[PDB]
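**Student:** Questions regarding the structure given below will be posed in turn.
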Amino acid sequence: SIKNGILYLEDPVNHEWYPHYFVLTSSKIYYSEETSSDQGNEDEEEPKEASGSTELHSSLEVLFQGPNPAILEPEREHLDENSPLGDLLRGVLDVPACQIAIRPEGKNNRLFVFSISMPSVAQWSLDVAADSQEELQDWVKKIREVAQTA
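If you read the sequence shown in the deposited numbering, its first letter stands for residue 1, the second for the next number, and so on.
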């Protein structure tokens, strides 16, 4: 995961720019719709909860899982750790075999839009736009940076 942000894309659902999540790996491109899952595990439908006269409550253990809690597993660093479990990739592609094409005049009120296309897949043509003109230009350079090193 070298790059991560909210990149736009003409969704086939309504054929229009849609702000969907986007990820960039050293040698791959991922994308998803982003579900409504975000720590939504604190609301159970029950006839009111009830606490007893017995419980626990320690301290100093929480701080041992704050400042970089990924140190108690010296197996891999800056790698695909818990990727296929705590993210669930919806889409994937190969970045080291495509050709980007910045477009200073996409369409439908979109001057900043770079269209992608691989010369060895099926004459395909993708389109993506970044809110920040910098993120857009920086995104293209990255695709070329990972492609030039893969």
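The C-beta atom is built at its ideal place from N, Cα and C for all residues, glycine as well.
Is it the case that the Cβ atoms of residue 93 and residue 28 are separated by a distance below 8 Å?
**Tutor:** yes
**Student:** Compare the beta carbon distance of residue 101 and residue 118 with 8 Å and say whether it is the shorter of the two.
**Tutor:** no
**Student:** Can you tell me where the alpha helix (DSSP H) with residue 103 in it begins and where it stops?
**Tutor:** Taken as a continuous stretch (DSSP letters only), residue 103 belongs to no alpha helix (DSSP H), being part of the beta strand (DSSP E) at 99 to 103.
**Student:** Can you tell me which of 30, 126, 148, 16 puts its alpha carbon nearest to the alpha carbon of residue 84?
**Tutor:** 30
**Student:** Could you tell me if residue 88 is buried or exposed, where buried requires 16 or more neighbouring beta carbons within 10 angstroms of its beta carbon?
**Tutor:** With fewer than 16 other Cβ atoms within 10 Å, it is exposed.
**Student:** Determine which residues share a DSSP beta bridge with residue 20 and list them.
**Tutor:** 7
**Student:** For residue 1, which of 22, 126, 47 has the nearest alpha-carbon?
**Tutor:** 22
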